[PDB]
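K.L.:
sequence, then structure. It's an experimental one.
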Amino acid sequence: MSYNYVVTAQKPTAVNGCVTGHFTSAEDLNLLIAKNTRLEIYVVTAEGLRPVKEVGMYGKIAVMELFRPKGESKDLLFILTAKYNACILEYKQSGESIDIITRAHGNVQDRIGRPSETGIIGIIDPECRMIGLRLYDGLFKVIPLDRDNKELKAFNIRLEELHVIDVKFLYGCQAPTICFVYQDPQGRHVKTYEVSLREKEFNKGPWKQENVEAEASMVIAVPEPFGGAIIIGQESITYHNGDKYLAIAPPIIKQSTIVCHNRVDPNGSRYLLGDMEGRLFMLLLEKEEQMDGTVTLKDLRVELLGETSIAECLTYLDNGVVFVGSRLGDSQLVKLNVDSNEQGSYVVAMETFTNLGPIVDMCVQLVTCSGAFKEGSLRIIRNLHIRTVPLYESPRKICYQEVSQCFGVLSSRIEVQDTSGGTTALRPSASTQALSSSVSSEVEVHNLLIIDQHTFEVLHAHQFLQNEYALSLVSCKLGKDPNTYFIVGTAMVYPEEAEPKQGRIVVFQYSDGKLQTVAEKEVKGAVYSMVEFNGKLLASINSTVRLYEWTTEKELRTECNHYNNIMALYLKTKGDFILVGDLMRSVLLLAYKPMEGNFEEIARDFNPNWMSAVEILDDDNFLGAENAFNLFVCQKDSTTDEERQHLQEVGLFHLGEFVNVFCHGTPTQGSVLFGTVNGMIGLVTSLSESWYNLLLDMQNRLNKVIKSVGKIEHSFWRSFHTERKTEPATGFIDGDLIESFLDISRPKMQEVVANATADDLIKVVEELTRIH
Amino acid sequence: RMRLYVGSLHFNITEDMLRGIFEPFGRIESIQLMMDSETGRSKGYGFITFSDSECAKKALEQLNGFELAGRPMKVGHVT
Amino acid sequence: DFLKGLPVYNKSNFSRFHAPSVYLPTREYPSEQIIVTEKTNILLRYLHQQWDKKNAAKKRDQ
Amino acid sequence: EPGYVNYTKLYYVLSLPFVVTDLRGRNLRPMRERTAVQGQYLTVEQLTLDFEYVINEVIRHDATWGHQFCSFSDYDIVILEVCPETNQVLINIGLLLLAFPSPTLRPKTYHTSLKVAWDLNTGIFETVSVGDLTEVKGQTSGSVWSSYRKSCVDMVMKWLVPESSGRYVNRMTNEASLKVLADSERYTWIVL
Amino acid sequence: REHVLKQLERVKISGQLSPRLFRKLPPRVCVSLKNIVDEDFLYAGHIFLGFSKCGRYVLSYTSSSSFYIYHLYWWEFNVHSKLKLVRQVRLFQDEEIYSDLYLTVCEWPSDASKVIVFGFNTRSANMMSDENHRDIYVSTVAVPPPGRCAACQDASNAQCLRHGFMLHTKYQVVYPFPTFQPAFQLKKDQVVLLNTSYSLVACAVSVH
Ligand SMILES: O=C(NS(=O)(=O)c1ccc(Br)s1)c1ccc(Cl)cc1Cl
Ligand SMILES: [Zn+2]
């Protein structure tokens, strides 16, 4: 049996959402930041952003909206988690005491219904008549906001439009009205429906359905006096309001997709727009006062403000200060000013907030491949001290070569098809600014970077072939050859085909500041993963795992193959044992048979799992991380050949993060570090039967004392969950929960340890805090 | 003894649905709704083979040009 | 060209230049309202809704 | 308690007729007897719904044209919905009947539809819709059942909401014909 | 069209990996039936039906012969590896069928322990083909155990009741012949709704 302990070394750093409003007090202008499970509450003060409280929710924050129903002195908060836990929260301060009140809560999951492509959408009516949720295709959930009733009886309305892109509640409406963009075989369209609480149905919307741009992706509900809606596409921006229809096709927006917006002015005269390249625009709604008192929209205009971090979200604060919430790079505070600088930009960075995510690969001190595109960096983490090395391109894989005192980093840069010749770089980056460079004998240009272990200076950049993608990387010694090499696994990616049918294994040696090609081996697919395996090279090509021998003639010679795979994306080895991770087909264990010079399929996990990362804990325990944000531990079944050929899932735990990399690096045994998409860094370790038993009893006791915001059960949160099944967590201890025992008051500690002393457990929890 | 062509069908109309709609007219020997091998879904066409020719004739007379879902069905003959 | 005159909630807020504590809810639980979902199927709800309105249209004449 | 419902329960260890067996051929042991503790036993249940009773009950109490009714001939039952969380079966009842028309006499053949919700916990049905009496003039028996099923198909398509990958009813059948056998979730095909 | 490597890159930076994204790309593996089928079952003439909901098994049937005898098979699938027979059951026990049935094998939404075989003939017989009557044959078969089963281990192909039972039934239908509605008939996880023309029967089988 397997017993494990999971703890957080570094909390998620990517920002998934940010809202402004008056939550703490009617006077305070607040900033609320959502970092997966984390909710940060701030007061916009004279000094700029005063932290008040950070609350960890027992769920992944999917909806975060402030709303003020009539009769409230301050805004209430609506939160919906990824596991569909819905709550309405109220902030209460009594002198020095701070408490978050759960006004209403419940689970709004439907057993039927398939999760939507553009995901969970949570919208609140401007007049606070109801909450609207788009969770599944074909259904629209309505939570009536009524304060004079025991329960908020939520119902579903059928939506004929099964593919909705975005939806919002309109302003200035006598009847609650939803405005949405949907897709059908005839293209994209914009439609409106009135929502009837009385009849539990939709009624004909105020205005006519209109056809829109094929890539129309977002709806902005414009407040009064304008009213109506703004729809943002790839090439155009349109305004709709009954009879009114304005359309602008500014060439400035064509290059990159707009992915976020924020209302600057309360009347919606100005909006901030953020795109995929990090560009910041100002959308201007020019008004015209009518003689009858009403105000109509005369024209739309877009102006490029400058560049910020690639924004996931934007929030205007006060006095030209804007918060840039980034997912792929560092978050910022930026200042907007009327007079342009040396480059002509109106955007000036005021502060930078370190974001480790996405951690695509890492090394063990921890060294990660962080961020993406212009935000791409390396992050060096130690006891936490963080050093950031900008690359201005996407780092993909990392390896350390001790003998060369450097790191091998695979990277990709974006180049554009110009008038003359081939392609040209749009921005200088690590691969184009190396000390020396070589070449192999919009588009992605792949490179192997040799970066100095001390200064992190780009010593050499080796550019791979036209259309060649570098997928895997290893630094090792092979056979009886004394040399240490940088080995790269590639794939030929053409703009005609879908799957790679060609690739290479390239053996490089770094000497005298240059990279020399020692050997090349052609393969008939993508080299997804490579591991050094007992002085041999273990590589996975498409659906085949292959073992190569390195000859005295400096050539790779195929020894054996295993073909029973769908997509062998992940490889890990311990001794003669191989743990293969499949993107679609769960995990499997192989054994190399020295005597037979071939592989033997030992056992497979017959469970359906879409894998993201795999690790070998020990000879008998295998750790898996999948697409549904869960961890699971496989074990060899401890009489018949078929019984031994079946891996058993003995550990289940809902992590709440997407793990891209696992690496190894008395109470607990073993130390496996993991890097996630949200920049969270965690640690997994093994426990004895008796250590697990004591810590499990401690969790059940802690859960009776520690209260949850939104009243989400800890057990529900950590329950293994997929679209297929929901099961209670097993053989896993939440280190975060047990560590929180040291933070509760002494009178509460005694009630937790009631029939063991508080000091017995204090000594236990304190030695557990020393594992990270 | 008689085969018909059924076309202009909605992509979600199943073989079982076609059997239910056509069976009241007469005994059916074989029904084969044509499917796409790549992205497994109905091609919108098929063949229904009645045991009786006069039973197949009445099925055509009563179903050809009439809307099943919102697409007007096309029932015809072969060879 | 058109950027000037940005929203001012308070002049003080960013004038002074720059460069949270974890909430562990203690044993206290005051809550009075729950969120529930409609048990009945939407097709059945609609048919029930139409048939019940038809019964009311029969009671008005009789 | 109602006359339209019939429930039967039978236990087994190593109205429709059942030939419950093991994987070899032994007909097991048909009983209701005592086998203390959950020591592996089979449980078969059978809840029946007499259509002819339902039809007569809904014509009698819930049809405005109920007084005009004489007798019914054939009937076709099509399931419109199954709600597993509320254990409710929505059935549509297609009906060929005989009735007198409006006071505008002579008895005529008509066609109508009866929607009825059947509770599986209680066994009790509840009527949700009673169709109008539409005359069958010169259209055959096959013509009327084809038009009826087309209307059911029409309605279920109209109310069709996509389900999650893993609540799907797998249905497999090969003629002797299939070209490929696909494993959807793992993008694997067996080519025949 | 989107390249698989381009789709994979998006996953690593977004943390969004789902099948409803790889929807429009070709199959990752194609295997021909002839290369994975055991040659000893050539002179048997199996009719392959497809995969079980979990890609572990691939099912097939046999229509052996005056009467017809039906058999349902469970084959262990492992990509390129040959298929291994796990279960072979005799469908419609002590039932004599005088005509080739159009059979369908179904699986419940969340119940992986059982399967349902619905077979029916084009028209019934009373040797001579009888109109206005049709025979429906339905069998509920327990699937093989997923792992080590403690009750199965107790033997003297001995399999416990939970992982080794079979249920059979047969009913005659009249005109208009009831519609086959497999998605609705098996929407409730342990029930089969059977339209016998005269009544609808809710049929639940469960092992405790
Ligand atoms: O229900 C049918 N077939 S089914 O597989 O149970 C299924 C349910 C829902 C969908 Br969508 S498909 C079906 C069959 C025949 C006739 Cl006449 C009408 C229908 Cl509605
Ligand atoms: Zn068993």
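P.N.:
Received it, and whenever you're ready, just let me know what you need. Numbers count the residues shown, from 1 in each chain, chains lettered A, B, ... in the order given. Ligands and ions are numbered 1, 2, ... in the order given.
K.L.:
backbone dihedrals for the closest residue in space to residue E:19 that isn't next to it in sequence, please?
P.N.:
Closest residue in space to residue E:19, ignoring its immediate chain neighbours: residue D:185 at 5.7 Å, by CB to CB, 6 or more residues apart in numbering or on different chains. (Each C-beta comes from the backbone N, C-alpha and C, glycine too.) Residue D:185 adopts backbone torsions of phi -60, psi -20, taken as degrees, to the nearest 10.
K.L.:
how close does residue D:185 sit to residue A:295?
P.N.:
Residue D:185 sits 54 Å away from residue A:295, going by CB to CB, to the nearest Å.
K.L.:
quick one: which of those two has more around it?
P.N.:
Neighbour comparison, residue D:185 and residue A:295: the larger count goes to residue D:185, with 19 against 15 (by other CB atoms under 10 Å in any protein chain shown).
K.L.:
for residue A:78, give me its contacts.
P.N.:
The contact partners of residue A:78, taken as CB atoms under 8 Å, 6 or more residues apart in numbering or on different chains, are A:63, A:64, A:65, A:66, A:67, A:86, A:87, A:88, A:89, A:122, A:124, A:131.
K.L.:
between those residues, which is closest to chain B?
P.N.:
When the contacts of residue A:78 are compared for distance to chain B (CB to the nearest CB), residue A:122 wins out at 30.2 Å.
K.L.:
so is that closest one in a helix, a strand, or just coil?
P.N.:
Three-state call for residue A:122 (DSSP: H, G, I helix; E, B strand; the rest coil): strand.
K.L.:
looks like it contacts residue A:141 (just checking).
P.N.:
No - with contacts defined as CB atoms under 8 Å, residue A:122 does not count as touching residue A:141, sitting 9.6 Å away.
K.L.:
what is in contact with these two at once?
P.N.:
With CB under 8 Å, 6+ apart, residue A:122 and residue A:141 have common neighbours A:132, A:133.
K.L.:
from residue A:14, how far out is the residue nearest to residue D:171 when sequence neighbours are not counted?
P.N.:
Leaving aside its sequence neighbours, residue D:171 sits nearest to residue E:182 (CB to CB, 6+ apart; 4.7 Å). Separation of residue E:182 from residue A:14 (CB to CB): 45 Å.
K.L.:
thinking again about what came up before, pull the most distant pair out of the contacts of residue A:78.
P.N.:
Based on CB to CB, the longest span within the contacts of residue A:78 runs between A:66 and A:86 and measures 15.2 Å.
K.L.:
pick out whichever of those two has more residues nearby.
P.N.:
Between residue A:66 and residue A:86, residue A:86 has the larger neighbour count (other CB under 10 Å), namely 28 against 17.
K.L.:
I'd say the more buried one and residue C:35 touch.
P.N.:
Yes - using CB under 8 Å, residue A:86 is in contact with residue C:35, at 5.0 Å.
K.L.:
now do the shared contacts for these two.
P.N.:
Taking CB under 8 Å, 6+ apart as the criterion, residue A:86 and residue C:35 both touch A:105, A:106, A:107, A:108, A:143.
K.L.:
report the beta-bridge partners for the second one.
P.N.:
Spelled out, it's residue A:106. As for beta bridges, residue A:106 partners with residue A:86 under DSSP bridges.
K.L.:
give me the secondary structure label for residue D:65.
P.N.:
Going by three-state DSSP: residue D:65 is helix.
K.L.:
for residue D:173, see how far away it is.
P.N.:
42 Å.
K.L.:
likewise for residue A:568?
P.N.:
Remark: distance between residue A:568 and residue D:173 (CB to CB) = 33 Å.
K.L.:
these two - which one has more neighbours?
P.N.:
Set residue A:568 next to residue D:173 and count neighbours by other CB under 10 Å: residue A:568 wins out with 25 against 18.
K.L.:
what is the neighbour count of the closest residue in space to the more buried one that isn't next to it in sequence?
P.N.:
Nearest residue to residue A:568, sequence neighbours excluded (CB to CB, 6+ apart): residue A:540, at 3.8 Å. Neighbourhood size, residue A:540 [other CB under 10 Å]: 29.
K.L.:
following the helix or strand hosting residue A:540, which helix or strand shows up next?
P.N.:
Assessed by DSSP states H and E, residue A:540 sits inside strand A:536-541. Per DSSP H and E, strand A:536-541 leads on to strand A:544-550 as the next helix or strand towards the C-terminus.
K.L.:
packing partners of the next helix or strand after that following strand?
P.N.:
Next helix or strand after strand A:544-550 toward the C-terminus (DSSP H and E): strand A:556-562. Applying 3 or more CB pairs under 8 Å, 6 or more residues apart in numbering or on different chains; DSSP states H and E, one finds that strand A:556-562 contacts strand A:544-550, strand A:598-604.
K.L.:
chain B is nearest to which of these?
P.N.:
Closest approach to chain B among the helices and strands packed on strand A:556-562 is made by strand A:544-550 (23.6 Å; CB to the nearest CB).
K.L.:
so that closest one, near chain E or not?
P.N.:
No - on the criterion CB under 8 Å from any CB of the partner chain, strand A:544-550 is out of touch with chain E, staying 9.7 Å away.
K.L.:
adjacent strands (with direction) for that strand?
P.N.:
Strand A:544-550 has these strand partners (DSSP bridges): strand A:536-541 (antiparallel), strand A:556-562 (antiparallel).
K.L.:
touching the shortest one from outside, list them.
P.N.:
Right, strand A:536-541. For strand A:536-541, the external contacting residues (CB under 8 Å, 6+ apart) are A:472, A:474, A:476, A:478-479, A:487, A:489, A:503, A:505, A:523-532, A:545-550, A:556, A:559, A:565, A:568-569, A:571, A:573, A:578, A:580.
K.L.:
now do the last one
P.N.:
Residues external to strand A:556-562 that are found in contact with it (CB under 8 Å, 6+ apart): A:505, A:507, A:519, A:521, A:536-537, A:544-551, A:580, A:590, A:592, A:597-599, A:601.
K.L.:
what parts of chain C come near chain B?
P.N.:
Taking CB under 8 Å from any CB, no part of chain C reaches chain B.
K.L.:
check chain D too.
P.N.:
With CB under 8 Å from any CB as the criterion, chain D meets chain B at residues D:78, D:139-146, D:149-150, D:153-154, D:157, D:160, D:175, D:179-180, D:182, D:184.
K.L.:
hmm, try it at 10 Å
P.N.:
By CB under 10 Å from any CB of the partner chain, the part of chain D that sits against chain B consists of D:76, D:78, D:139-150, D:152-154, D:156-158, D:160, D:171, D:173, D:175, D:177-180, D:182, D:184, D:189, D:191.
K.L.:
most distant residue from the centre of chain A?
P.N.:
residue A:291 (50.7 Å; CA atoms, centre = their mean).
K.L.:
who are the packing partners of the helix or strand where residue A:765 lies?
P.N.:
Assigned by DSSP H and E, residue A:765 belongs to helix A:758-769. Helices and strands touching helix A:758-769, by 3 or more CB pairs under 10 Å, 6 or more residues apart in numbering or on different chains; DSSP states H and E, are strand A:4-10, helix A:689-705, helix A:735-739, helix A:746-752.
K.L.:
do you know which of the ones you listed lies nearest residue D:20?
P.N.:
Residue D:20 sits nearest to helix A:689-705 of all the helices and strands packed on helix A:758-769, at 42.6 Å, using CB to CB.
K.L.:
which other helices and strands contact the closest one?
P.N.:
Counting contacts by 3+ CB pairs under 10 Å, 6+ apart, helix A:689-705 packs against strand A:4-10, helix A:714-718, strand A:732-734, helix A:735-739, helix A:746-752, helix A:758-769.
K.L.:
neighbours around the closest residue to residue A:276 other than its chain neighbours, how many?
P.N.:
If the residues on either side of it in the chain are set aside, residue A:276 comes closest to residue A:256, at 4.7 Å by CB to CB, 6+ apart. Residue A:256 has 15 neighbouring residues, counting by other CB under 10 Å.
K.L.:
how far out from the middle of the chain is stretch A:199-211?
P.N.:
With CA atoms, centre = their mean, to the nearest Å as the basis, stretch A:199-211 stands 35 Å off its chain's centre.
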